[PDB]
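Student: how would this look folded up:
(chains A and B)
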Amino acid sequence: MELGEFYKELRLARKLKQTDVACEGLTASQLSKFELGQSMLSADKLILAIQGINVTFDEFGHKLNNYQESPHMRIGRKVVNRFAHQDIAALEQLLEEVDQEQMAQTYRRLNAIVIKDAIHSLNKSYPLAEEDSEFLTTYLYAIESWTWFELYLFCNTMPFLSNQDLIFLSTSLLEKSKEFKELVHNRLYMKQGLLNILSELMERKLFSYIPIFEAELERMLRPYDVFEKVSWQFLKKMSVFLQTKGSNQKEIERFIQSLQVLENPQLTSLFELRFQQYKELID
Amino acid sequence: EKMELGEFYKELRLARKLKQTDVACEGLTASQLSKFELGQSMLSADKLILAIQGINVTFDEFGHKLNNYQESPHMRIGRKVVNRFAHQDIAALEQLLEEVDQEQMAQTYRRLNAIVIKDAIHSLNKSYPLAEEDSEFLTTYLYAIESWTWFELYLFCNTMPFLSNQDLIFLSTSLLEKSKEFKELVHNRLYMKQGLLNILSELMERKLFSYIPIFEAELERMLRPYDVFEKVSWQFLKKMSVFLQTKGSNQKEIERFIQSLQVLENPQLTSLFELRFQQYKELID
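Tutor: Numbers count the residues shown, from 1 in each chain, chains lettered A, B, ... in the order given. Provided below are the atomic coordinates:
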């Protein structure tokens, strides 16, 4: 019930004594009064207590929420997943689900815009509204430090931005994401966003802006990041393709075939699909 | 900076540009949030998480900012181990051992982090012993913790050479059940997949081939099409198992497989598999 009572259960599960957690600034008696619900720890002492039981902040928050992710992350991940599966029916159900969930009016409006944008991306006959596009853009400009929620909004509404806003917000992404850039969820979305920026710039023929975002992707990618590395390799070839009337078509075809070594039929189809789509951009 | 949790929350709420009434919902009133921010009352566990999710900040983001954007001691050590191991820097790893000894953490954690470091030193210098007292301490701890958090997944994944054959099998078997509490989390799920890959590697190295199918079944259940690195690693390990059980019958297929990875322009991945391939060749048969 109380935070101290919640913390105490966690400490006992970690099989730690109060003296194991205690350190400079946080005494066992302070931890005891905290666990008894008779006093609250300061912000600095609270972070010591949580680090003292050796659980990640994601784990601490997960158990605090009864082993559910935060509502805004549950919605955003489901939207991304269902859009990636071209699941119009599930997106339409998410729209009514967002309308029935308890959240700030601003967040209800932003989630509806992303979902409606996704449905329109699958079904171009699904109507949109300019007032919604302006509301989301105004929001991204207003938030000074972009959390996972802003990365989710930006990454999935880029096709809908004017060139002016795409260029400015993509440039601002570099600075505005720095506060939370090291976190596991955020860094994954940053790499995916950078790949989507590269795609958008090519499709819009804004080729001169690509190097700024390739340099950022270069700094972020680790040897583990095989999927993003191969995606970037493919997009470098697509940029040449779109700038030279398809001159490197055979090289791209050979590259996709060589991905058979990965024995990943879904991945091969993904690149084959994008290649066929980009072929429609040249005469 | 020394401040109450409510004042810290208020800084965040203003950065999210929400009013107290925007955050308020069922379970959390605006007045409750206000007295929280004013330091006049503390929120219960349920109300605190409502206040944080109500401003669309993850608890990971909340804790990161609360900790002045500093990494966890256990992740800071793990990152330094990774960096220094990649440069084959035994001296720097040994300096990390003395640095851990003065770190602000429980004694148990100082010892366990040291064991992770020693595993790296032993991987670089096989004549560096794996003390039995360390093996006993590690084994007792992993058996004792009923629910394995990210720390135990990280610890287990990086200390397998300290385990006896029996404890490797028992603890590998226990990974499946003991990780379930936090298994869905993104970081934990990554380390469980890596741990399963390392389980397969250890079993092959120890010639315990009959136990491999149990853990391949778990890897099959967990791997997604996005998981390209884990999938290719498993593909490589499947060939290593066939190689070791058939007197090298598929060596040409393995050589062609490594050559076919040239397309990824990833020398670290290619070097990883070539080095491991040579290690398995050096086993006795």
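
Student: Please count neighbours and contacts with C-alpha atoms only from this point.
Tutor: Noted.

Student: residues contacting the residue in the stretch 101-250 of chain A that chain B sits nearest to?
Tutor: Closest to chain B within the stretch 101-250 of chain A is residue A:104: 4.9 Å, counting by C-alpha to the nearest C-alpha. Residues near residue A:104 by C-alpha atoms under 8 Å, 6 or more residues apart in numbering or on different chains: B:22, B:23, B:54.

Student: Now the second one: phi and psi?
Tutor: When you say that, I think you mean residue B:23. Dihedral angles of residue B:23 (phi, psi; degrees, to the nearest 10) stand at phi -80, psi -40.

Student: ok, residue A:136 - how many residues close by?
Tutor: For residue A:136, the neighbour count with other C-alpha atoms under 10 Å in any protein chain shown is 23.

Student: correct me, but it touches residue A:113?
Tutor: Yes. The criterion here is C-alpha atoms under 8 Å, and residue A:136 meets it with residue A:113 at 7.5 Å.

Student: Closest one to chain A out of the contacts of residue A:104, please.
Tutor: Of those, the one sitting nearest to chain A (C-alpha to the nearest C-alpha) turns out to be residue B:22, at 4.9 Å.

Student: Could you say which helix or strand holds that closest one?
Tutor: Per DSSP states H and E: residue B:22 is located in helix B:20-23.

Student: Following the chain onward from that helix, which element is next?
Tutor: For helix B:20-23, the following helix or strand on the C-terminal side (DSSP H and E) is helix B:30-37.

Student: Next secondary structure element downstream of that next one?
Tutor: Tracing the chain past helix B:30-37, the next element assigned as helix or strand by DSSP H and E is helix B:45-54.

Student: Quick test: name the residue nearest the centre of chain A.
Tutor: In chain A, the residue lying closest to the centroid (C-alpha atoms, centre = their mean) is residue A:189, at 3.2 Å.

Student: Could you pull up the residues touching that one?
Tutor: Contact analysis of residue A:189 by C-alpha under 8 Å, 6+ apart lists A:148, A:151, A:152, A:155.

Student: okay, these in TSV with neighbour count next?
Tutor: Below are the contacts of residue A:189 laid out as TSV (neighbours: other C-alpha atoms under 10 Å in any protein chain shown):
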residue	neighbour count
A:148	25
A:151	20
A:152	23
A:155	20
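
Student: Contacting chain B as well, which ones from those?
Tutor: Filtering the contacts of residue A:189 for neighbours of chain B using C-alpha under 8 Å from any C-alpha of the partner chain leaves residue A:148.

Student: What is the neighbour count of residue A:253?
Tutor: Number of residues near residue A:253 (other C-alpha under 10 Å) recorded here: 13.

Student: typo on my end, it should be residue A:10
Tutor: Neighbours of residue A:10 under the rule other C-alpha under 10 Å: 18.

Student: got the contact list for the residue nearest to it when sequence neighbours are not counted?
Tutor: Distance criterion C-alpha to C-alpha, 6 or more residues apart in numbering or on different chains; nearest residue to residue A:10, sequence neighbours excluded, is residue A:53 at 7.7 Å. By C-alpha under 8 Å, 6+ apart, residue A:53 lies in contact with A:10, A:11, A:14, A:16, A:21.

Student: what about the fourth one, distance to chain B?
Tutor: Noted for residue A:16: a distance of 8 Å to chain B, by C-alpha to the nearest C-alpha, to the nearest Å.

Student: Please list all residues in contact with that residue.
Tutor: Residue A:16 makes contact with residue A:53, according to C-alpha under 8 Å, 6+ apart.

Student: same question, the third one
Tutor: Contacts for residue A:14 (C-alpha under 8 Å, 6+ apart) come out as A:53, A:54, B:145.

Student: can you check the second one too?
Tutor: Remark: with contacts taken as C-alpha under 8 Å, 6+ apart, residue A:11 is in contact with A:17, A:53.

Student: ditto for the last one
Tutor: When contacts are counted by C-alpha under 8 Å, 6+ apart, residue A:21 touches A:28, A:49, A:52, A:53, B:105, B:106.

Student: Find the pair from those residues with maximum spatial separation.
Tutor: Spatially, the most separated pair among the contacts of residue A:21 is A:28 and B:105, at 14.0 Å (C-alpha to C-alpha).

Student: which one is residue A:80 nearest to, not counting chain neighbours?
Tutor: residue A:156 (7.7 Å).

Student: Give me the neighbour count for that neighbour.
Tutor: 19.

Student: cool, the one 5 residues further on as well?
Tutor: Using other C-alpha under 10 Å, residue A:161 has 17 neighbouring residues.

Student: Residue A:47 now?
Tutor: Based on other C-alpha under 10 Å, the number of other residues close to residue A:47 is 17.

Student: residues in contact with it?
Tutor: Counting by C-alpha under 8 Å, 6+ apart, residue A:47 makes contact with B:63, B:66, B:67.

Student: Then the first one would be within a strand, right?
Tutor: Just to be clear, that refers to residue B:63. No. Residue B:63: not assigned to a strand; according to DSSP: H, G, I helix; E, B strand; the rest coil it is helix.

Student: where does the stretch 51-200 of chain A come near chain B, residue by residue?
Tutor: For the stretch 51-200 of chain A, the residues in contact with chain B (C-alpha under 8 Å from any C-alpha) are A:51-52, A:54-62, A:64-65, A:67, A:70-73, A:102-105, A:143-145, A:147-149, A:179-180, A:183-185.

Student: Whichever of these count as buried, I'd like them selected in ChimeraX; how would that read?
Tutor: The following ChimeraX line selects those of those that are buried, judged by 16 or more other C-alpha atoms under 10 Å in any protein chain shown:
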select /A:51,52,54,55,56,57,58,59,60,61,62,64,65,70,71,72,73,103,104,145,147,148,149,179,180,183,185
